[PDB]
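**Q** Got a structure here, written out as structure tokens. Questions coming.
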Amino acid sequence: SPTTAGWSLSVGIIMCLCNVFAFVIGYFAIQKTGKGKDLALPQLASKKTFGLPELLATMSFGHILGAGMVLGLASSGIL
Amino acid sequence: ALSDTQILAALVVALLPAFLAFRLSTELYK
Amino acid sequence: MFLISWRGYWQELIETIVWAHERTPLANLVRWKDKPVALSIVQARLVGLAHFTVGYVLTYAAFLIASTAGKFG
Amino acid sequence: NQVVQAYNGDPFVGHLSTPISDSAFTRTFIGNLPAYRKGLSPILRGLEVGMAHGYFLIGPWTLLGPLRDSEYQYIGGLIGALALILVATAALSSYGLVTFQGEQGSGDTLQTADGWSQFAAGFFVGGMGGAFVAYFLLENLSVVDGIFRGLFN
Amino acid sequence: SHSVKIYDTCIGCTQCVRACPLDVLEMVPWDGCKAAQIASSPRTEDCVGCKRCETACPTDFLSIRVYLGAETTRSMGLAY
Amino acid sequence: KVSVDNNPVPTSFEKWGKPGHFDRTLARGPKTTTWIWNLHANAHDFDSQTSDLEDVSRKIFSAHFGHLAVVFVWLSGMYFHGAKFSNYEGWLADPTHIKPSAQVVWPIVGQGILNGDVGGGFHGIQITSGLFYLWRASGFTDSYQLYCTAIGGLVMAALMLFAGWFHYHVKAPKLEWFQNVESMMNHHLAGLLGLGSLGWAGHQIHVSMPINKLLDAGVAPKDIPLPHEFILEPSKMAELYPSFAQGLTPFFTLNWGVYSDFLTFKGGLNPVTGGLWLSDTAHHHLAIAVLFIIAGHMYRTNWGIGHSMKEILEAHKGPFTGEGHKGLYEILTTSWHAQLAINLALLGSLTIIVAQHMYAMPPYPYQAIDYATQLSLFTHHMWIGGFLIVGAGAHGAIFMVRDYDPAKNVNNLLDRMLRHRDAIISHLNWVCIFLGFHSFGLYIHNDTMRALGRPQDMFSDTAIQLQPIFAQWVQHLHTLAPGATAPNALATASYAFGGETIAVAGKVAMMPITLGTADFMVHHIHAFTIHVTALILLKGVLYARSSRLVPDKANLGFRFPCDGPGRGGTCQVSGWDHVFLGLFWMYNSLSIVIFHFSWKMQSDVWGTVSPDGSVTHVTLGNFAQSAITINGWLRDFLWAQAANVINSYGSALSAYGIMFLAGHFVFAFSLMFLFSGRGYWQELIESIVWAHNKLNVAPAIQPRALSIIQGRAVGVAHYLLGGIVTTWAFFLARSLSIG
Amino acid sequence: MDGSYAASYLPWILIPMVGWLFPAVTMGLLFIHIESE
Amino acid sequence: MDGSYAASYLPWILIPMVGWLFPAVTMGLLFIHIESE
Amino acid sequence: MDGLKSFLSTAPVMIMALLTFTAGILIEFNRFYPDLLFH
Amino acid sequence: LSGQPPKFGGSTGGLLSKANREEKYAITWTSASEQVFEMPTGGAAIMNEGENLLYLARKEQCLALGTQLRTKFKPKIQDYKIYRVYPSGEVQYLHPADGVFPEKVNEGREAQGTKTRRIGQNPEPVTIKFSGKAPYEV
Ligand code: CLA
Ligand code: CLA
Ligand code: CLA
Ligand SMILES: CC1=C(/C=C/C(C)=C/C=C/C(C)=C/C=C/C=C(C)/C=C/C=C(C)/C=C/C2=C(C)CCCC2(C)C)C(C)(C)CCC1
Ligand SMILES: CC1=C(C/C=C(\C)CCC[C@H](C)CCC[C@H](C)CCCC(C)C)C(=O)c2ccccc2C1=O
Ligand SMILES: CC1=C(C/C=C(\C)CCC[C@H](C)CCC[C@H](C)CCCC(C)C)C(=O)c2ccccc2C1=O
Ligand code: SF4
Ligand code: SF4
Ligand SMILES: [Ca+2]
């Protein structure tokens, strides 16, 4: 039974940050960012070169990375 | 102390720098 | 082995082995005078028959001679 | 950056120029074994091939033999090695008698009847000498241990 | 070498001369059939004995026969 | 991505009465009896009846649906037999004294003796599949639930039949639908394996965990709540597992540590049932579900995200392989035979992995109690896996002769494979001969040294010793694993590596499996036979196109007997005959594997633990000193353990004695087709035909003899049938005689 | 292998000769013979 | 020269090789090399 | 429907119907009069 | 024996020591278009523009190559010549021995290998006893 933290502002802060890092990795990594379904306000995402695909992909990878960070740092203790 | 087979493990590991040093020196000779 | 597997399999297997011998160092020195081929069709039918016969006779001679000499002297 | 070309620039010979078969180290090493070294008379290359195998064949019967659990442990290994070198040289000379009877050239001095006879003679001398020298080191193993450690120095 | 013999029952259907891998056979003119041709076996020292020529012959029993005999390098198909 | 053709073929009965409609060489009519065998051998060769790659794919799709209908009919039969004709209602109460029996026999000719006393007053054949342990692990309690599962399976079989008719006859998908393999693996990973594992994790959390924890506590099945009573009232599940009082709000906030009450990485075996815990089983399926669903979002699809297989393959080029894999995506997306080769290889290796894991980590309650189930399951899945690997070799050869054109792939991996076939087959010849001399020659050396009265010269553990030092080291690492290299694992992964003898109901569930020199020698026999099977099948795959002997094997086909008596005789040069020989070698390899398993568990694992703590084994440690000579295998294994199968007459196990002798008969009968040739049988059939002509009863369909490939095929089919039936009877009569 | 019978040294010398000298000599002569010319 | 440490046979074999086989082999190869062609 | 008529009339379906019929009458005769070693 | 060789990467299937001790076979064909063919030794190669010279070790490999040159290419290459070259040096000329392929009647060939009977009138081995012959060749 590895240690864990229930929920706090710290859990919310770190997973939004890992979502930001996943945004950076997705924009610097995905070959076809604008291709897919059409999107509302695409200038807000990456200036009409970003789709509903890469919305769910990048921040889904953010949730995977944040699950990794939350569980790993709570098991190591420091979170 | 140290084990008998750790020394032979170190020898067979150091067989890899031997091969890579031989190939680096051969490639420098060109 | 001789009765079930037939000559084509063994001939191409021996072709790979012949390549192995002719292309390896220090065994290129030794060369065959008679080119190795697989046993012929009728020849290996005969060889499988000889094996079947010899093993069959040796098994039964061993069994018959040890079963009676096991219980009668 | 292809490392597997065809053999010697010929794309229809049945060989590839792989890093094992046709490297520079393989050329300099396989091509400098006694069976392939340049300029040697067949007697010296047969002698050098023979000693490498007489010294080898001592071990298998010495450590794993019918006599390995007796006081004549090394004598049984030596006897087995002489038996194997005897049949090896008989096979070598029979191969020479068989293969080199039709007249051939002298591009290689080893692939001829006189050359193979010299090779077989050298192999016999080297094989029995290597077998007996490995027997002599193994029989006098206390001496070799003492001189490598310094028990007599 | 194997001997390939062609008999009178040949109908000149050319099936044997193109079923042959080594092209031992060839068609020569003839006057004994409607097709006015009969198979011959000129380069019969190149016959391996595969009997694809006998397999392709439609006439019954057989207008072409392969009679396996003294093996050579050419008639055993050895690349070595 | 979905485009279909509507009503491509009418649903009519008229083609049913005209057999051979599919193949143009059979549509004329039967002149001879070879037409029958060609009608059966070419019935599913969809890729030879036509060459469009679109209609063969539709034919394959609907054939898959019909096969799923067959599998669901069989599975409905299993569940219906467990419902009605079984003592599952009785075995569930007392699964330590009475034995499973899902098949009663009608008494007709005195075969009511096969209704042996299985326990509880029920009379029937004791089954050896782990169906009862499967249904106990999955939470079945009453026969009505099994009956509902059987009815649902029959409904789903009717649905698969309807779906096959739908997708061939009214709405068949186009070729571009099948060549969407990236979307296909997205759905097969995320939706088939991933959601299947997630659904089963949910079932195990909500049905298997409560029902099995109460059945472990000692509650009668009549007092067991129905599985939806743990859903309608989660208070009961809170009574059992205290972590269900918090709900899913720990899950969605990643407070996952509070689920360690039931989602635990406990490891080891449950001491009260002998199976794995369903705690780490449910946790395992949850982890597999998350990992598979994550991996199912890899390959590119309609959306720009994803990761296309073509560019992945083309990116992988090195110095040794030249042009690399650029050419392989067109291979596996334009040929069903390369797909069948890879899927058969991996399904066979998966079935063998299943066999090797379900003995050492028995996943079902009371599976390790009885040795019939364990031995039968290991043997069954070894045989299935070996058959599928031989099929992989077969369809590698079929792809090379049929669906491989070297125009579209020059100097890629497959070309460079074919350019050094002599080197591969050469070194595989050498390793087969090396292992056959140093794995069987050690057995012959031991057998001779034991015959000569020199037991100190043998390769025994009390002689010249060959210890498997690497496997012993790996066993040491896995014993020392759950403290250092797996900190949160409480117990070892399995007790096969080391630990404590797990004795439940007085019988050994799992104890450490020591590896002496006998195991060294048997494992090198395993390596040897696996290598020779790989040699035959790989030689068939490589040399399917052409050899130095017959340079035109590609246009003679795949099933051709020979090229002729020339070149010395090219009697078995096809790739099919390499499948034919690999079947014999697979039979040999897997029979040695299952003999090794059966003897090792009978001598070193299975047995009865006394209350004093001592363990006595079934054959009393024979394997250490007897499994190093061939006479020890013939005397202490085949002769000694067939006393249960040949003395079984006049009892319930007498069907296994009959099946034992039947397997011997079919082996000996197979030798007729294997040893003979077509010529003798054709000129004998001609004399029989004369006898029919003499009295005017000769058939219009001319009786040809079996063809050459037909004769070899029926010989190998009867050989494997006879050997597998003999071993099946021997194992299933030894095992019911040891508990 | 003690020999109680008469001339016990005779198997001592004839088992090596028939086991080795006869096979080695016979296969050597036949190997020269079948491969001559 | 007893060896109390682990693998005492290893200096027993490596002092002759580094003392003789490495010099004899290295000087032999270098003597063939510097005098080639 | 003449296709089911021509398919039920094929050699395997008719031989399996015939073998099932002969097996049925043999099994029924063994069910009613069980053990007939002789007259 | 004029012709640049095909662009082949080399293979283990090919010329063994039989080629340089006794005969090996050369197939020479001319094609306008560069394309890809399957060598009977295993693999795939590149047909050069114009003349090609492929050395093989068996006559069956050369005829199998020529067969796939004829049947597997839409611009059929039928001007292929198969030679038998010896290590001593001389070059024989084998497969289109006359002008035209063996399937076509050249009308100037000789009927050899032809028997004047069918198989029924073949002599029987009892008549030719200890004659050094066999029932076909009498
Ligand atoms: C995923 C499974 C898979 C699939 C669907 C295919 C599909 C196919 N294979 Mg097969 N194959 C596989 C597994 C598979 N195979 C395995 C595992 C083996 C190894 C044995 C092979 C070996 C193989 C060969 C060697 C050949 C094929 C061929 C074929 C094609 C036609 C089959 C046919 O007409 O047979 C129709 C069905 C039969 C003839 C039935 C056979 C009867 C069996 C063997 C005996 C009875 C078995 C039974 C359990 C015993 C009880 C019966 C009795 C005692 C009452 C088709 C592409 C052929 C092909 O394409 O070549 C051109 C071919 O020659 N297969
Ligand atoms: C007991 C029966 C038997 C035996 C001995 C063999 C033997 C062998 N088979 Mg096999 N085979 C069998 C039955 C048998 N098979 C049958 C029934 C079939 C099914 C059709 C086949 C199908 C077959 C195929 C398809 C293949 C083989 C191959 C092989 C070889 C594997 C290499 C090996 O094991 O090293 C040799 C080991 C032995 C021969 C056994 C050990 C015997 C001792 C150590 C040697 C004797 C000692 C000494 C020399 C005696 C000399 C005495 C002196 C007086 C002369 C080997 C020759 C494979 C092969 O050639 O691989 C390269 C191959 O591809 N087999
Ligand atoms: C049928 C004949 C036969 C006979 C007589 C022998 C006898 C022998 N075998 Mg052999 N064996 C045979 C067949 C035979 N084997 C076959 C067919 C097999 C294959 C399955 C084997 C497999 C086998 C193995 C694998 C081994 C034996 C070994 C042994 C020897 C055991 C004692 C020993 O260390 O000898 C030592 C060796 C010898 C006595 C050989 C004679 C060499 C000496 C130097 C005499 C030569 C004298 C001089 C140099 C030349 C004189 C010339 C002359 C004209 C005067 C024994 C002499 C063991 C052994 O040690 O072998 C070396 C053993 O390891 N045998
Ligand atoms: C290095 C190397 C290698 C190898 C290995 C080995 C391990 C080797 C072996 C080696 C050896 C194996 C050696 C041996 C040596 C020998 C010797 C050195 C001998 C000597 C001899 C002598 C001394 C003789 C003489 C004599 C006498 C004494 C008397 C009689 C006669 C005579 C005169 C002859 C390899 C391939 C891997 C590669 C890499 C590297
Ligand atoms: C194994 C095998 C081979 C391979 C066999 C070969 C290459 C020769 C086998 C002889 C080897 C060299 C071992 C010989 C040892 C024996 C004791 C024979 C001794 C020599 C006699 C004169 C006694 C075939 O060529 C073959 C051909 C047709 C059908 C089946 C088969 C077949 O099964
Ligand atoms: C006997 C034999 C024949 C003759 C075989 C014939 C004529 C086939 C006879 C088949 C009969 C009609 C039975 C057909 C199948 C049965 C219905 C199977 C019954 C099995 C049930 C118990 C399931 C060959 O043609 C042949 C060809 C090539 C190599 C070996 C042989 C060979 O050995
Ligand atoms: S196949 Fe027969 S019938 Fe036709 S041309 Fe040749 S020999 Fe004559
Ligand atoms: S046996 Fe074969 S190679 Fe010879 S002529 Fe007939 S078909 Fe041609
Ligand atoms: Ca001894």
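None of the figures in this text is laboratory data; all of them are computed from the coordinates on show. Here the Cβ is made from the backbone with ideal geometry for all residues, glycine too, and neighbour counts use every protein chain on show.
**Q** Sort F:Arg402, F:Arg635, F:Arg734 so the one with the fewest other Cβ atoms within 10 Å of its own Cβ comes first.
**A** F:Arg635, F:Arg402, F:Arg734
**Q** Take the residue pairs F:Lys553/J:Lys76; F:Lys408/J:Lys18; F:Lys174/F:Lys310; F:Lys539/J:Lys74; F:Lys326/J:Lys59 and return only those whose Cα atoms are more than 28 Å apart.
**A** Those over the limit are F:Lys408/J:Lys18; F:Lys539/J:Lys74; F:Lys326/J:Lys59.
**Q** With the alpha-carbon atoms as the only input, what is the per residue convex hull volume for region F:441-527 in Å³?
**A** That works out to 128 Å³ per residue.
**Q** If I model a spin label as a point 7 Å beyond the Cα along the Cα-Cβ vector, how far apart are those points for F:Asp23 and I:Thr20 in nm?
**A** Using points 7 Å along Cα→Cβ, the separation is 2.7 nm.
**Q** Another question about this same structure. Quick check: pseudo-label points 7 Å beyond the Cα along Cα→Cβ at E:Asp60 and D:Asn8, how many nm apart are they?
**A** Calculated label separation equals 5.8 nm.
**Q** Now for a different question. Farthest toward the dipole's positive end in the protein assembly as shown, which of F:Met156, J:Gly120, E:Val66, given Cβ charges of +1 (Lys, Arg) and -1 (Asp, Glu) about the Cα centre?
**A** Of the candidates, J:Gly120 comes out farthest on the positive side.
**Q** Work out from phi, with θ = phi - 60° and the Karplus expression 6.51 cos²θ - 1.76 cosθ + 1.60, the ³J(HN,Hα) of each residue of region F:519-535, listed in order in whole Hz, and give x for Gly and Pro.
**A** Residue by residue, region F:519-535 yields 5, 4, 5, 5, 5, 6, 5, 4, 4, 4, 5, 5, 5, 6, 4, 5, 5 Hz.
**Q** Mind listing which chymotrypsin sites (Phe, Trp or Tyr not before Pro) in chain I are in a DSSP loop and have 13 or fewer other Cβ atoms within 10 Å?
**A** Listed in order of number, the matching sites are I:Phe38.
**Q** Something else now. Divide, for chain F, the radius of gyration over alpha carbons by 2.2 N^0.38 Å, where N is the residue count.
**A** 1.06
**Q** For helix D:42-63, what angle does its Cα long axis make with the longest principal axis of chain D, in degrees from 0 to 90 and rounded to 10?
**A** Tilt of helix D:42-63: around 50 degrees.
**Q** Taking amide H positions as placed 1.01 Å from N in the peptide plane, with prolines and chain starts having none, which residues 5 or more places from F:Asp5, or on another chain, fall under 5 Å of its amide H?
**A** F:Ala172, F:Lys174
**Q** Please enumerate, by chain and number, the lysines with C-alpha under 27 Å from the C-alpha of F:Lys99, excluding those fewer than 8 residues away in the same chain.
**A** F:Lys84, F:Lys213, F:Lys222, F:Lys507, F:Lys600
**Q** Straight-line reach from F:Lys15: which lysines fall under 16 Å, measuring Cα to Cα and dropping same-chain residues less than 8 apart?
**A** List returned: F:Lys59, I:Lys5.
**Q** Hey, what do the phi angles of region J:47-54 turn into as Karplus ³J(HN,Hα) couplings, whole Hz, using 6.51/-1.76/1.60 and θ = phi - 60°, x for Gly and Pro?
**A** Using θ = phi - 60°, the values come out as 6, 6, 4, x, 6, 10, 9, 10 Hz.
**Q** Counting other C-beta atoms within 10 Å, which of J:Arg109, F:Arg450, F:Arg58, D:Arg37 has the fewest, and how do the rest follow?
**A** D:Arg37, J:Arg109, F:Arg450, F:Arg58
**Q** Moving to a separate point now. Compute the long axis of helix J:59-71 from its Cα atoms, compare it with the longest principal axis of the Cα atoms of chain J, and write down the angle in degrees, 0 to 90, nearest 10.
**A** Compared with the principal axis, the helix lies near 70 degrees.
**Q** Still on this structure, I have one more. Where does the charge balance sit around F:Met458 when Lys and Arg score +1, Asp and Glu -1, over other residues with C-beta under 12 Å from its C-beta?
**A** Counting the neighbours of F:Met458, the net charge comes to -1.
**Q** May I pose another question? Using the Cβ atoms and a cut-off under 9 Å, what net charge is assigned to the surroundings of F:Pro221, where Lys and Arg are +1 and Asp and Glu are -1?
**A** For residues surrounding F:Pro221, the net value is -2.
**Q** For every helix of n ≥ 4 consecutive DSSP H residues, a contribution of -39,500 (n - 2.57) applies; sum these over chain D, divide by its total residues, and give [θ] at 222 nm rounded to the nearest 500 deg cm²/dmol.
**A** -20500 deg cm²/dmol
**Q** Enumerate by residue number the GluC sites (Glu not before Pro) in region J:1-66 meeting two conditions: DSSP loop (anything except H, G, I, E, B), and at most 16 other Cβ atoms within 10 Å of the site's Cβ.
**A** Loop-located and lightly packed - J:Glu22, J:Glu34, J:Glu49.
**Q** Take every residue in peptide E:17-24, count the Cβ atoms of other chains within 10 Å of its Cβ, and give the average of those counts.
**A** On the way: counts 4, 4, 0, 3, 12, 9, 14, 3.
Rounded to a whole number, the mean comes out at 6.
**Q** Most mobile of E:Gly32, E:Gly49, E:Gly12 per a Gaussian network model of chain E (Cα springs, under 10 Å)?
**A** E:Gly32
**Q** Now, a different point. If you line up the long axis of helix C:41-71 against the longest principal axis of chain C, both from Cα atoms, how many degrees apart are they, to the nearest 10?
**A** That works out to roughly 30 degrees.
**Q** With a 10 Å Cβ neighbour count serving as the proxy for reagent exposure, in which order, fewest first, do H:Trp20, F:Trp277 appear? Let's see the in-between values first.
**A** Details: H:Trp20 10, F:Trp277 25.
Starting with the residue having the fewest Cβ neighbours, the order is H:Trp20, F:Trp277.
**Q** Which percent of Cα-Cα pairs in the protein assembly as shown sits in each 10 Å bin, short to long?
**A** That works out to 1, 5, 11, 16, 19, 18, 14, 10, 5, 1, 0, 0, in percent per bin.
**Q** At a Cα cut-off below 27 Å, give the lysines reachable from E:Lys34, other chains included and same-chain residues fewer than 8 away excluded.
**A** Within the straight-line cut-off, E:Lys34 pairs with E:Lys5, E:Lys51, J:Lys104, J:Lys115.
**Q** Follow-up question, since we're still on this one. Give the residue list of chymotrypsin sites (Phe, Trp or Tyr not before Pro) in region C:16-73 that are DSSP loop and have at most 10 other beta-carbon atoms within 10 angstrom. Before the final figure, lay out the partial values.
**A** Values: sites: C:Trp19, C:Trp32, C:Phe52, C:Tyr56, C:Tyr60, C:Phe63, C:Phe72; in loops: C:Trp32, C:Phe72.
Within region C:16-73, the qualifying chymotrypsin sites (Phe, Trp or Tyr not before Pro) (loop, at most 10 other Cβ atoms within 10 Å) are C:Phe72.
**Q** Once amide H atoms are built 1.01 Å from N in the peptide plane, which residues 5 or more positions from F:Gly607, or in another chain, come under 5 Å H to H?
**A** Residues meeting the amide H criterion: F:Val508.
**Q** Report the residue, chosen from D:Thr62, D:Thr109, D:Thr26, that carries the largest GNM mean-square fluctuation when chain D is represented by alpha-carbon nodes joined by springs under 10 Å.
**A** Of the options given, D:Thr26 has the highest mean-square fluctuation.
**Q** Can you list residues whose amide H is under 5 Å from J:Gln92's amide H, if they're 5+ apart or on another chain and H is modeled 1.01 Å from N?
**A** Hits under the 5 Å cutoff: J:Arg84, J:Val85, J:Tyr86.
**Q** Then there's this: To the nearest Å, what is the center-to-center distance of region F:277-299 and region F:99-160, using C-alpha atoms only?
**A** When both Cα centres are located, 31 Å separates them.
**Q** Under 10 Å, Cα contacts only: if you run a Gaussian network model on chain A, which one of A:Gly36, A:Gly68, A:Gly26 comes out with the highest mean-square fluctuation?
**A** A:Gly36
**Q** With a sphere of radius 14 Å drawn around the Cβ of F:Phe132, what net charge do the other residues whose Cβ falls strictly inside it have (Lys, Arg +1; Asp, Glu -1)?
**A** Once all neighbours under 14 Å are counted, the net charge is -2.
**Q** For region F:152-166, in order, what is each residue's ³J(HN,Hα) by Karplus, 6.51 cos²θ - 1.76 cosθ + 1.60 with θ = phi - 60°, in whole Hz (x at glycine and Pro)?
**A** Whole-Hz 3J(HN,Hα) from phi for region F:152-166: x, x, 5, 4, 5, 5, 4, 5, 5, 4, 5, 6, x, 4, 5.
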